[PDB]
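Structure assessment
The residues making up each chain are set out below.
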Number of protein chains: 4
Amino acid sequence: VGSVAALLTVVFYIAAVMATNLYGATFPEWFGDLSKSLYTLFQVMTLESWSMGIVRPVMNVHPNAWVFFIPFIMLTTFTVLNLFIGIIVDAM
Amino acid sequence: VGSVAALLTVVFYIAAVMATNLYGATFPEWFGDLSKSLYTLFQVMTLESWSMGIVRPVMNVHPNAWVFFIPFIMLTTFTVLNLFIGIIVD
Amino acid sequence: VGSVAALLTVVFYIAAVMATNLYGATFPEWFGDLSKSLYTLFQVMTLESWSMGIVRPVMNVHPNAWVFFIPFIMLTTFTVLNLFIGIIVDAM
Amino acid sequence: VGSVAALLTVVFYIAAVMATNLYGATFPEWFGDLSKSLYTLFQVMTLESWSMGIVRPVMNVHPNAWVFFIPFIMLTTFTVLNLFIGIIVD
Ligand code: NA
Ligand code: NA
Ligand code: NA
Ligand code: NA
Ligand code: NA
Ligand code: NA
């Protein structure tokens, strides 16, 4: 369970470093610094306005922004599910 | 698990072919090409603005658009859940 | 699994009959007929704009509208989860 | 299962007492009283407009509002999942 939690933190930090670089100048409210980025990627991970509120306005400037977010959503959402199920199993 | 992942891809492509045809002229930002369509159906599958942001404006032009989206949402969301649980078990 | 699917259909129809009556005149776009209602309660069940988009504008006219929606969300979301898990169990 | 349901209620009430105090004057539509607060934290827990609709406008006045909501979301969403799975097992 600890190895799963460690993998997500490393992925979350690398993704937020990547996102800061990619979309920080064009969209500074969302990815202007590692802080703003980690908060946006948590919001994207929970799914709240991931497309209409974040990806669609982003994709309008960066046409292939979906190559980052969709695989990010596929990985993090799977891992978070796997982590939460893992805690439940390592309790009974 | 591989058979589940293959079934979802085939369904996702057929649905995105269908959606392109159905709502591409009336709503080209959302379903104007197979690309735009696959991205919209992923967004609809995750549930983000599926009704207020997508289905309601669509249904306003195509009254029975819900005959496609609701069963699509029922199938894909079930399959994705089944696939993710399948990886955890295996 | 069949008994679970039957329970949800009966609940969904009764709730959509109730909602049509309660909020149909004040909010006809959302609950103006059993059809419009079943579609809104499915949207509410999936969670898409349940509060900001539906319950908050409703509660503004019907202060206690939350006595219907929150318990509806607690029951249907639990049952749908229980139904989907039930299919997975009755397969392995 | 009962102990899990009791833990969530205590956390939900304490969080709604905390939120009322913290953001009630600056955002009274959302956290103006324990009632308004419990309804907002249920909405935040379900995830509906948690950031764009709630946390972002809040954070604009309280820069570190995320120190309350993100850990609240991490705890309640985990507990609700654990509770619902618990009923299914029992
Ligand atoms: Na959701
Ligand atoms: Na959403
Ligand atoms: Na959502
Ligand atoms: Na939303
Ligand atoms: Na969600
Ligand atoms: Na939502």
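Heads up: the structure comes first, above all this text.
Taken as a whole and judged by the stated rule, the model has four salt bridges over all chains. For A:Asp33, the salt bridge identified is with A:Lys36, shortest N-O distance 3.3 Å. One salt bridge in this structure joins D:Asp33 and D:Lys36, with 3.7 Å as the shortest N-O distance. Owing to a relative accessible area of 29%, D:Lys36 belongs among the partly exposed residues under this scheme.

Residue and element names in this part refer to chain D. Between its first and last C-alpha, helix α1 (residues 2–23) extends 31 Å over 22 residues, near the 32 Å set by a 1.5 Å rise per residue. Listed in full, the buried residues belonging to α1 are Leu-8, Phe-12, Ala-15, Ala-16, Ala-19 and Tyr-23. Each buried residue of α1 sits inside an arc of 105° when the element is viewed along its axis, so together they form one side. Exposed residues lying more than 90 degrees from the buried face of α1 are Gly-2, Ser-3, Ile-14, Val-17 and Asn-21. Turning to α1, the residues buried within the fold contact α2 (28–31), α3 (34–46), α4 (50–59) and α5 (66–89).

A separate point is the environment of D:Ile70. When you line up the elements, D:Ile70 lands in helix α5. Separated by 16 residues in sequence, D:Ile70 and D:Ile54 place their C-alpha atoms 12 Å apart. Not counting residues up to four positions away in its chain, the partners in contact with D:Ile70 are A:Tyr39, A:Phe42 and D:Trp50.

Our focus in this paragraph is the packing of α4(D) against α5(D). How two helices pack is summed up by the angle between their axes together with the distance between the axes. Residues and elements named next belong to chain D. Running from N to C, α4 and α5 point in directions that differ by 150°, and their axes come no closer than 10 Å. Regarding the angle of α4 to α5, the classification is roughly antiparallel. Each of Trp-50, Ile-54, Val-55, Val-58 and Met-59 in α4 lies in contact with α5, whose residues at this interface are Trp-66, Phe-69, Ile-70 and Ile-73. Considered class by class, the residues forming the contact of α4 with α5 number nine nonpolar, no polar and no charged.

The next thing to look at is the interface of chain A and chain D. If you look at the interface, chain A gives 14 residues, while chain D gives 18 residues. Taken together, both faces of the contact between chain A and chain D bury some 1300 Å²; the carbon and sulfur share is 72%. If you sort the residues of chain A by the area they bury against chain D, A:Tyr39, A:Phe42 and A:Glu48 come out on top, with a joint share of 47%. Where chain A meets chain D, there are zero salt bridges. Counting the contacts that link chain A with chain D gives nine residue pairs in polar contact. Tallying contributions element by element places helix α3 (residues 34–46) of chain A first for the side of chain A that touches chain D, with five residues.

Scoring rules and cut-offs
- Residues numbered from 1 in each chain as written, not as in the entry; some residues may be left out.
- Chains lettered and ligands numbered in written order.
- Heavy atoms only, no water.
- Residues with missing side-chain atoms left out of burial classes, pairs and counts.
- Salt bridge = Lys/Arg side-chain N within 4 Å of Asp/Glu carboxyl O.
- Buried < 20%, exposed > 50% of the residue type's maximum accessible area, 1.4 Å probe, protein only.
- Helix = DSSP H or I, 4+ residues; strand = E, 2+ residues; numbered from the N terminus.
- Expected span 1.5 Å × (residues − 1).
- Arc of directions from axis to C-beta.
- Contact = heavy atoms within 4.5 Å.
- Axes fitted to C-alpha atoms, helices over the stretch in contact; angles between N-to-C directions.
- Parallel < 35°, antiparallel > 145°, perpendicular 65-115°, else oblique.
- Nonpolar A, V, L, I, M, F, W, Y, C, P; charged D, E, K, R; others polar.
- Buried area = accessible area lost by both parts, 1.4 Å probe.
- Polar contact = N/O pair within 3.5 Å; in protein donor to acceptor, adjacent residues only side chain to side chain.

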